[PDB]
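Novice: Below are the structure tokens for one structure; questions will follow.
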Amino acid sequence: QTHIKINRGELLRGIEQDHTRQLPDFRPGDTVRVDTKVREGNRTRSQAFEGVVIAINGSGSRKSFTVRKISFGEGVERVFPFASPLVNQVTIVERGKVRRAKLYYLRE
Amino acid sequence: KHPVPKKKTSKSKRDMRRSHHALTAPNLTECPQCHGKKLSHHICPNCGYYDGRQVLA
Amino acid sequence: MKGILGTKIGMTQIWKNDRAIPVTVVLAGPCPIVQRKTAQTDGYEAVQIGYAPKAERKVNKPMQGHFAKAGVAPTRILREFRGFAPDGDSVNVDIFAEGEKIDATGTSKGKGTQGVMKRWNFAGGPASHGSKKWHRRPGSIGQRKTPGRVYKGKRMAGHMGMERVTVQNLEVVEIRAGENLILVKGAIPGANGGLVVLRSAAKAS
Amino acid sequence: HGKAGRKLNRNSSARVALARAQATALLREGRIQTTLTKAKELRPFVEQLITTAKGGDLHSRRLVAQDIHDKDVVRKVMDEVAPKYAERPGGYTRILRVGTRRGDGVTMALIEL
Amino acid sequence: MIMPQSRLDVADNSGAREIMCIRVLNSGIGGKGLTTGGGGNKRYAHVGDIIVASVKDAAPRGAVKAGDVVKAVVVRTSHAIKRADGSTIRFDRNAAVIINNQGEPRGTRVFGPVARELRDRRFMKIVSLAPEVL
RNA sequence: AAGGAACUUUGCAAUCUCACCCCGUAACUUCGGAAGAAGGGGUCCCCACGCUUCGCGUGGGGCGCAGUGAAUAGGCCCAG
RNA sequence: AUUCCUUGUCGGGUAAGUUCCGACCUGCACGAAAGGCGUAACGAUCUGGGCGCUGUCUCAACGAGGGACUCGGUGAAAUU
RNA sequence: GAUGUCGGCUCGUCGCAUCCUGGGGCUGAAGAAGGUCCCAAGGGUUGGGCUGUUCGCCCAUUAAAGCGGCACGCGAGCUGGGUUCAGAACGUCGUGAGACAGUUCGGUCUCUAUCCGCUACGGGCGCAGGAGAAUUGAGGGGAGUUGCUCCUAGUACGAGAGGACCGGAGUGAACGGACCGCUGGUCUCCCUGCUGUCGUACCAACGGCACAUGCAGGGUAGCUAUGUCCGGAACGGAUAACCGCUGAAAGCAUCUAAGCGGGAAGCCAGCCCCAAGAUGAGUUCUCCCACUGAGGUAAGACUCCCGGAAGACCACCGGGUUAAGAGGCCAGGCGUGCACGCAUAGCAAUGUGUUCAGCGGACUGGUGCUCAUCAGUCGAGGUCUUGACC
Ligand SMILES: CO[C@H]1C[C@@H](C)O[C@@H](O[C@@H]2[C@@H](C)[C@H](O[C@H]3C[C@@](C)(OC)[C@H](OC(C)=O)[C@H](C)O3)[C@@H](C)C(=O)O[C@H]([C@H](C)[C@@H](C)O)[C@H](C)[C@H](OC(C)=O)[C@@H](C)C(=O)[C@@](C)(O)C[C@@H]2C)[C@@H]1C
Ligand SMILES: [K+]
Ligand SMILES: [K+]
Ligand SMILES: [K+]
Ligand SMILES: [K+]
Ligand SMILES: [K+]
Ligand SMILES: [Mg+2]
Ligand SMILES: [Mg+2]
Ligand SMILES: [Mg+2]
Ligand SMILES: [Mg+2]
Ligand SMILES: [Mg+2]
Ligand SMILES: [Mg+2]
Ligand SMILES: [Mg+2]
Ligand SMILES: [Mg+2]
Ligand SMILES: [Mg+2]
Ligand SMILES: [Mg+2]
Ligand SMILES: [Mg+2]
Ligand SMILES: [Mg+2]
Ligand SMILES: [Mg+2]
Ligand SMILES: [Mg+2]
Ligand SMILES: [Mg+2]
Ligand SMILES: [Mg+2]
Ligand SMILES: [Mg+2]
Ligand SMILES: [Mg+2]
Ligand SMILES: [Mg+2]
Ligand SMILES: [Mg+2]
Ligand SMILES: [Mg+2]
Ligand SMILES: [Mg+2]
Ligand SMILES: [Mg+2]
Ligand SMILES: [Mg+2]
Ligand SMILES: [Mg+2]
Ligand SMILES: [Mg+2]
Ligand SMILES: [Mg+2]
Ligand SMILES: [Mg+2]
Ligand SMILES: [Mg+2]
Ligand SMILES: [Mg+2]
Ligand SMILES: [Mg+2]
Ligand SMILES: [Mg+2]
Ligand SMILES: [Mg+2]
Ligand SMILES: [Mg+2]
Ligand SMILES: [Mg+2]
Ligand SMILES: [Mg+2]
Ligand SMILES: [Mg+2]
Ligand SMILES: [Mg+2]
Ligand SMILES: [Mg+2]
Ligand code: NA
Ligand code: NA
Ligand code: NA
Ligand code: NA
Ligand code: NA
Ligand code: NA
Ligand code: NA
Ligand code: NA
């Protein structure tokens, strides 16, 4: 409707690089994310999720990954914003040999 | 047939309807090459030019 | 009262403190004042304001004349406001603060000729029980021999979309003075590159 | 809405056998006349095809052969046409609209190199 | 989400194995016991939401038998739940914990990881019996 | 997506099932049948050895999410 | 499938059953070749329940194709 | 010479003898919970088992699960379960053919809207000059629900147990509007994998058909609720039941005759949207102007072209070579997930390296390589009267 001369891509980047965070080169194989859990009033907990990355969705602020863990005989997927402030560090446990970027078959 | 009309329509009405059926006259141009009238943004069907000559006469 | 015009640029992620706030980026380019509507000289109080800049080669002689009266520069868009009457021009700085709630209005995307299920929610009919009126197709339209007629201003297929829409109470998360940018928690109507008008909180909590 | 990105006239295999058949045709004949729409649709496909073939690598050729199932033509575009179109940014294809037709009343046009 | 007619797994030793939903309530726990529902609609039971339900298949020898109308709280949905940081959680199966009008668990312990909106919803004792809180 | 007959006069409709080999198979019965009950497993490619020929068996190895890899292809049960 | 009173009374199944199953009895108006009662097998038959599965539903979305819409050509009908 | 029957589904709207919220009087009203009456239709009034059911009973909830009207609203909107077609059967009356206070299984619900009415959208003309744009608002629509918890306060009250009005804060449900950043869906050829067969001579690599994608896996833009954002209100004016002040006729009493105040989810206004055809056709800024004997022209617009988060066609927006509009091309993002070829390892199927490979729709920019060339059509010289002003 308005037709200004302006690159909006770069505009968005500018307001999004301040909320972008770069992580270890994982793609396949396992990971341990050490996350803070401070929503318990005052006490600040720390829990670790360790599983098999199966998602590299997004970029910039919106970038994230999905990891899958079996905890107490029960399937569990988590989804983490690379840039979530309730995430400390992330570590690769081991690398894995796969032929596609999803792995939504590990569910059965 | 459910889609039947009640009364026959009047000449008057039946013509008022048609008051939107008049074809537009093709706005024609003068060809700067073979002085023939042609269709804008097209090729002069006569001499065959369009900035220099493209089609076969 | 106060307000300005800008372009919807897009929505993105943005944590504030410890929480993920969805935001919608808006370009509140500097807005010139082109005409001061004095109630005395007109009939009501108001201010005309311009947005996207245009090439003088594209601007009508008359419109040039308009722009000459204040002498700023030919712009492609003009709109008015209320009670707003400052000096200089209209930059979102000093105008909007981070934390202030704002009414953000614009033209929605339009969906064209949408049925009733889309348009008015409706409900259409059974898809299995043996029909010819599946998906949409409304039921009846009235009663019977009594007002053998359907009510003025009722629910039927039409042009969905293309409407002026004003969403109330949106939070000003962040403001980049100089980059003439503003972030607004949540979604604003219309498409990216759409015109949006950001007005002061009218009747708020 | 409907803010997508391509044209369709028939099904899915169709728009393909089309774009291919016509691309081949034009490449072979250097100019063809067709419906202004079909022309418009062909322009970018074929432009892009020159750019592929415009590589020389056997790969580029084997790519081009997926569309152009005619050998003489693949060789033409590959070794003759592409080469020639080496210095010009991109795409040398143009469209000239002739005029209305009699059979169905459809405006025709010429696409050529 | 959760909605009536919808079979669940039981995350406790209350005796019950699988239970079908009878109606979704509006988890009015707080103050003294459980309170009356914030309405008569609510069509989907989220996590940390109290529902009513019937026992469908239960184990021989247990506190709760087949055919029993009882309230339980939802601990694990396959629907995804979004946390305020921006993250997301979801469990391969849907389960609940049978309770009493005081909101306490009928079992002696909980089986499997429970959500965590449960803590928010002040279900302290459940979180107590719980192996993990994801 | 989540749920799974809540739809409705009625699971109407449309799914699931689906070939061929192997294992296994209730009540009842006119002992023929119920039965293809139900249920479970296998299924491709290469190499070697063996045998009755188009193959098949055994062992080892390889690839994919998946191997009657596409088409042709029973849903089952209880009771009246 | 004879049922009126009646959704009869009890039990079974269901969270909840007017129908369904099993009994009882006051069989309006069952009954032994207009055959009585029962019966394996059979059934595009009729009824009830269950498992699996599903857009049948909560509740709709997206995608495709053939029409609907536009241009050129041909050009009806019931009705009045 | 036809007013189609029950119930459901769909879609509504209206009455008030008001089911719930709102405001009151009275009480055998301590409080809390109720009872009854008066005022009040703004909004709301859940999901299921059985039955063709409308009813009704039951499960589980809810503030509440209101009663009626509209041809017991609605079949040129749907269904066809029920009921008055033809078949068959039971009980049953009749000697019979047949019949019904019966019950039971089965049994074709008609592609095209003329007019009015309704939703969307254009063309003409008008609005005393011809034009570009910004607008006031007469009027008109939408919206209108409500629980729970906390604070006040465990105070008032009450023997106790129990346990407030008022006011002030939080969080839900359902509903609606927008939006696509997230979570997901889809994405009919964007990438990959797989099978049978046919072809490009064969090998290798590919294409086609197996759907109107062969099948499978995944998926950008767009579109989309199950996702998210926001909303219902505060204030104010005039009122209803009702509650009061000053105060006569009854030189007492009295809300009342004069006069005035307070007071409901209702009314009006406030909030969102439309709105000058409001033919009483409104206001403001700016532009071209005082030709010619209907026509050249100015301002300005149209046609035509190229496109578009605009769209049935029209219409609306942008661009049209003093050009960055689209395509292409370049770079980048994103999706797929390691290309062909060659080399190496193995008897082979394969594996490994080259190879963060190759391929590529919609995304974000840049660039004059392509097409928007050229040119035509339309479009003012502004009636009269009265009054005022120099
Ligand atoms: C008062 O208004 C009624 C009166 C009633 C006696 O009759 C109706 O109209 C009848 C008609 C609509 C039929 O309705 C059926 C079904 C039913 C359920 O009602 C909906 C009833 O059935 C019951 C209750 O059992 C009904 C008895 O009979 C219809 C389905 C057809 O059969 O359509 C058929 C087909 C589409 C055709 C096009 O093939 C043709 C149209 C039709 O037939 C023929 C043979 O063409 C036409 C030529 C014709 O003969 C007709 C003119 O007389 C119309 C019929 C008489 C009238 C509206
Ligand atoms: K995704
Ligand atoms: K379907
Ligand atoms: K035609
Ligand atoms: K007899
Ligand atoms: K008004
Ligand atoms: Mg009718
Ligand atoms: Mg009338
Ligand atoms: Mg095909
Ligand atoms: Mg699923
Ligand atoms: Mg299942
Ligand atoms: Mg029902
Ligand atoms: Mg069926
Ligand atoms: Mg098939
Ligand atoms: Mg089949
Ligand atoms: Mg009975
Ligand atoms: Mg019982
Ligand atoms: Mg006899
Ligand atoms: Mg037979
Ligand atoms: Mg049932
Ligand atoms: Mg539907
Ligand atoms: Mg669609
Ligand atoms: Mg008649
Ligand atoms: Mg008639
Ligand atoms: Mg009243
Ligand atoms: Mg009281
Ligand atoms: Mg039933
Ligand atoms: Mg009546
Ligand atoms: Mg009726
Ligand atoms: Mg019937
Ligand atoms: Mg008969
Ligand atoms: Mg039949
Ligand atoms: Mg008409
Ligand atoms: Mg109003
Ligand atoms: Mg909506
Ligand atoms: Mg995106
Ligand atoms: Mg060959
Ligand atoms: Mg080969
Ligand atoms: Mg072929
Ligand atoms: Mg063939
Ligand atoms: Mg075919
Ligand atoms: Mg697919
Ligand atoms: Mg919503
Ligand atoms: Mg291609
Ligand atoms: Mg571009
Ligand atoms: Na196509
Ligand atoms: Na019973
Ligand atoms: Na009402
Ligand atoms: Na009910
Ligand atoms: Na009603
Ligand atoms: Na019809
Ligand atoms: Na037709
Ligand atoms: Na209060």
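Chain B residue numbers are taken from Swiss-Prot; in order, the displayed residues are 3-59.
Determined by X-ray crystallography, 3.2 Å, according to the entry header.
Cβ coordinates are placed from backbone N, Cα and C, and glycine is handled just like the others.
Here Swiss-Prot flags B:33-49 as zinc finger. Annotated Zn(2+) binding site per Swiss-Prot: B:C33, B:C36, B:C46, B:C49, in sequence order.
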Novice: Would you mind ranking the binding-site residues B:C33, B:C36, B:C46, B:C49 by how many other Cβ atoms sit within 10 Å of each Cβ and giving me the lowest?
Specialist: B:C36
Novice: Can you give me the residues near the recorded Zn(2+) site, meaning same chain, not B:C33, B:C36, B:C46, B:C49 themselves, Cβ no more than 8 Å from the center of the site's Cβ atoms?
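Specialist: After dropping the recorded site residues, what remains is B:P34, B:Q35, B:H37, B:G38, B:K40, B:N48, B:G50, B:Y51.
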Novice: Please classify the secondary structure at B:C49 (Zn(2+) binding site) using three-state DSSP.
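Specialist: In three-state terms, B:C49 (Zn(2+) binding site) counts as coil.
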